[PDB]
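Engineer: Input: one structure, supplied below.
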Amino acid sequence: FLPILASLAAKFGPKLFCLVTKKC
């Protein structure tokens, strides 16, 4: 689940990824 999620997060999702994984 995680490598495809990480790949799409890098591709066009980093705004949601940074808040969810607490890097904002």
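Chain labels run A, B, ... following the order of the structure tokens; each chain numbers its residues from 1, and ligands are numbered from 1 in the order shown.
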Counting only C-alpha atoms, what is within 12 Å of residue 20 of chain A, bar same-chain residues fewer than 6 positions away, as a list in words?
Structural biologist: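 Contacts, in chain order: residues 9, 13 and 14 of chain A.
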Engineer: Check the DSSP output for the backbone and give back, as a list in words, the residues of chain A in helix (DSSP H, G or I).
Structural biologist: residues 2, 3, 4, 5, 6, 7, 8, 9, 10, 11, 14, 15, 16, 17, 18, 19 and 20 of chain A
Engineer: Please produce a file of those selected residues containing N, CA, C and O atoms, as a short mmCIF file (atom, residue, chain, number, x, y, z; two decimals), in the first residue's frame.
Structural biologist:
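What follows is the written file out14.cif:
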data_model
loop_
_atom_site.label_atom_id
_atom_site.label_comp_id
_atom_site.auth_asym_id
_atom_site.auth_seq_id
_atom_site.Cartn_x
_atom_site.Cartn_y
_atom_site.Cartn_z
N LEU A 2 1.86 1.26 0.92
CA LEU A 2 2.79 2.36 1.07
C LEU A 2 3.70 2.71 -0.11
O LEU A 2 3.86 3.92 -0.30
N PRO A 3 4.32 1.87 -0.97
CA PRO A 3 5.21 2.37 -2.02
C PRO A 3 4.45 3.11 -3.12
O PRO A 3 4.94 4.13 -3.59
N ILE A 4 3.26 2.63 -3.53
CA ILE A 4 2.42 3.32 -4.49
C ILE A 4 1.89 4.64 -3.95
O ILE A 4 1.89 5.65 -4.65
N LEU A 5 1.49 4.67 -2.66
CA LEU A 5 1.09 5.87 -1.95
C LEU A 5 2.22 6.90 -1.86
O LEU A 5 2.03 8.07 -2.15
N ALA A 6 3.45 6.46 -1.52
CA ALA A 6 4.63 7.30 -1.54
C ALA A 6 4.98 7.84 -2.92
O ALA A 6 5.28 9.02 -3.09
N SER A 7 4.89 6.99 -3.97
CA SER A 7 5.11 7.40 -5.35
C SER A 7 4.11 8.43 -5.85
O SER A 7 4.48 9.41 -6.48
N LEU A 8 2.79 8.25 -5.59
CA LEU A 8 1.80 9.25 -5.95
C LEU A 8 1.91 10.52 -5.11
O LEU A 8 1.71 11.64 -5.60
N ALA A 9 2.28 10.40 -3.82
CA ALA A 9 2.57 11.52 -2.95
C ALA A 9 3.73 12.37 -3.43
O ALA A 9 3.63 13.59 -3.45
N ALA A 10 4.84 11.75 -3.88
CA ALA A 10 5.93 12.44 -4.53
C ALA A 10 5.54 13.08 -5.86
O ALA A 10 5.91 14.22 -6.15
N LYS A 11 4.76 12.36 -6.69
CA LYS A 11 4.30 12.81 -8.00
C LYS A 11 3.40 14.03 -7.99
O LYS A 11 3.56 14.94 -8.81
N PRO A 14 2.25 16.14 -2.26
CA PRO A 14 3.10 16.35 -1.09
C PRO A 14 2.43 17.23 -0.05
O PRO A 14 2.80 17.18 1.11
N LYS A 15 1.43 18.05 -0.45
CA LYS A 15 0.70 18.92 0.45
C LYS A 15 -0.11 18.16 1.50
O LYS A 15 -0.08 18.48 2.68
N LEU A 16 -0.85 17.10 1.09
CA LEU A 16 -1.51 16.20 2.02
C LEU A 16 -0.53 15.31 2.75
O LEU A 16 -0.64 15.09 3.95
N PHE A 17 0.51 14.80 2.06
CA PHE A 17 1.51 13.93 2.66
C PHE A 17 2.28 14.60 3.80
O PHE A 17 2.51 14.00 4.85
N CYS A 18 2.68 15.88 3.64
CA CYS A 18 3.35 16.63 4.69
C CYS A 18 2.51 16.88 5.93
O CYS A 18 3.02 16.82 7.04
N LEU A 19 1.19 17.17 5.81
CA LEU A 19 0.35 17.32 6.98
C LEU A 19 0.06 15.99 7.68
O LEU A 19 0.21 15.90 8.90
N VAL A 20 -0.26 14.92 6.93
CA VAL A 20 -0.54 13.59 7.46
C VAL A 20 0.67 12.97 8.16
O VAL A 20 0.57 12.42 9.25
#
